[PDB]
Amino acid sequence: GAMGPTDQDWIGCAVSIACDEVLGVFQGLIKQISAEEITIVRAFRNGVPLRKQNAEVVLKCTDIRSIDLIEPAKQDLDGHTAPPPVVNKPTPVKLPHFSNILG
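Residues numbered from 1 in each chain as written, not as in the entry; some residues may be left out. Heavy atoms only, no water.

### So, the overall build of the chain
- Check the secondary structure of the chain and you find 0 helices and 6 strands.
- Taken from the N to the C terminus, the helices and strands of the chain come in the order β-β-β-β-β-β.
- Within the chain, counting contacts between residues at least 6 apart in sequence, those at least 24 apart form 35% of the total.
- A distance of 10 Å separates the average location of the 10 positive side-chain charges in the chain from that of its 12 negative side-chain charges. (Helix = DSSP H or I, 4+ residues; strand = E, 2+ residues; numbered from the N terminus. Contact = heavy atoms within 4.5 Å. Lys, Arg positive; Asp, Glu negative; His and termini not counted. Charge placed at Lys NZ, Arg CZ, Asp CG, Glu CD.)

### So, the pairing of strand β2 (residues 25-34)
- Relative to β2, strand β1 (residues 14-19) is paired through 5 bridges, and the arrangement is antiparallel. Within β2, the position partnered with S16 by the bridge is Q27.
- Connecting β1 to the next strand, β2, in antiparallel fashion are 5 residues, including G24 with a positive phi near 65 degrees.
- Sheet topology places β2 next to strand β3 (residues 37-45); 7 bridges connect them, and they run antiparallel. Pairing of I30 across the sheet is with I40, part of β3.
- Between the end of β2 and the start of β3, which pair antiparallel, lie 2 residues. (Pairing = 2+ DSSP bridges.)

Structural data, given as structure tokens:
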């Protein structure tokens, strides 16, 4: 809990995993987690989709060098408190002024 997160609470959260040079990098949503290995689904690797989209990736933590949670599970229901768009989502270009039509 204090360090090295490992529990069923993270399952389904979005994370990115940096493995050593020979393993490269993959990103995916976690399906299962255990102290010996992390398992995710819909593997994306090297900024491109892997042919085995349905296949799960299972990699031992000792082979992974570092991990980062990109999107933790949603806790706040957020009853339309703010606009649909969210800052957390990647922003390639900012839209100057407001378009003639909204939505």
